[PDB]
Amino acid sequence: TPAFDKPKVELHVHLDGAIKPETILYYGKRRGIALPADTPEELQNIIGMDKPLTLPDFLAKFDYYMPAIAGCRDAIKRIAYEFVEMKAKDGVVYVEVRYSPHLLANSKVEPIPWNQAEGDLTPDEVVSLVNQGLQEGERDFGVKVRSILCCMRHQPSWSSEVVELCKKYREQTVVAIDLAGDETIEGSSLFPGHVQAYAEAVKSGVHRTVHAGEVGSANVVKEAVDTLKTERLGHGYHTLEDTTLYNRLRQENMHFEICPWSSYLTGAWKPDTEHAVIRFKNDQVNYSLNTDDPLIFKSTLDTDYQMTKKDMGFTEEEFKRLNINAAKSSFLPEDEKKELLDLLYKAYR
């Protein structure tokens, strides 16, 4: 069955939304936290969506389940270990996984997230434990894995710590900074704390992506490219509403991190219309296909491949092309990136 039975690369999935029902049930059982249920069965149904909803309804599900992992070392490392596992099972041979370290912390972070009480699990420590689990997981399951730390739109006060974290754990497994959250917050791309993190990212050679043009305007994409200097875009769909920016980004070979099934469920893409990625396939744009939050969207990577193959007539050699384009726009050392590409061009023959 699976739409594209071949090796894959994925650049855009978030750890905190790539968590198995059963491990959430586990941890908060053992924690006293509790949940809108206690089978890892009915759990999936309530956290998963089948339908667009508002942002509030979206965020409150991080509020049921986050409190179960966040704070608990064991649970941080574990979720990252078995993240890699999921990807092995998608046939992925390289994945960049992203998250905010503050959002799993319980100590040395204000405000403290998720109505947690203060503990002594700090963000820097978060990174450490994530690292271990992905690294150990790379070892056990045969998928090359790096990670990306997210600043969050609404709290520019955390972004200098993000970049510093990026520089300290640099490719142990951190390779890039990201900007995630509510991208409609008025002027958020230009908050000095964000701007100055991304400038220090240029100064110290840390790679840069930015979620933009998902649910914001094409002015948000422009700000990500021109001011934050990003190298790739998260989603970027609304780029198409500004033609000269579109055309320049095609000429510059900008990579767009597309998340198709994501884009139905979040409202990004409105189903009476054109999918965005269809335009990009016809224009030979540099983009990849990605899942974002499989937990929440009920999905695996094959989901997004089936959607494009079935609803959009994507073909095998288009799936090949974009995975090559994903590996080319990855944030690895150039030596490792060529090694990637060799693996894949071998598999595709």
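Heads up: residue numbers just count along the shown sequence, starting at 1.
**Q** Averaged over C-alpha atoms, is the B-factor higher for 75-83 or for 250-258 in this PDB entry?
**A** It is 75-83 that shows the higher mean C-alpha B-factor.
**Q** Would you tell me which stretch averages the higher CA B-factor in the PDB entry, 315-323 or 47-55?
**A** Between 47-55 and 315-323, it is 47-55 that shows the higher mean C-alpha B-factor.
**Q** Say you rank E186, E164, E171, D140 by Cα B-factor from the PDB entry; which sits at the top?
**A** In the PDB entry, the greatest C-alpha B-factor among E186, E164, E171, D140 is found at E171.
**Q** With respect to the C-alpha temperature factors reported in the PDB entry, which of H211, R153, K229, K270 ranks highest?
**A** Highest CA B-factor of the listed options: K270.
**Q** Please say which third, lowest, middle or highest, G193 falls into when its CA temperature factor is compared across its chain.
**A** For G193, the deposited C-alpha B-factor lands in the lowest third.
**Q** Lowest, middle or highest third: which one holds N286 when the chain's residues are ordered by CA B-factor from the entry?
**A** Its C-alpha B-factor, which the entry lists for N286, ranks in the lowest third among residues of this chain.
**Q** Please say which third, lowest, middle or highest, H238 falls into when its CA temperature factor is compared across its chain.
**A** Middle third - that is where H238 ends up once the chain's C-alpha B-factors are sorted.
**Q** Thinking about Cα B factors across the chain, which third does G216 belong to?
**A** As the PDB entry reports it, the C-alpha B-factor of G216 lands in the middle third of its chain.
**Q** Using the temperature factors of the C-alpha atoms in this entry, rank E118 within its chain: lowest, middle or highest third.
**A** Highest third.
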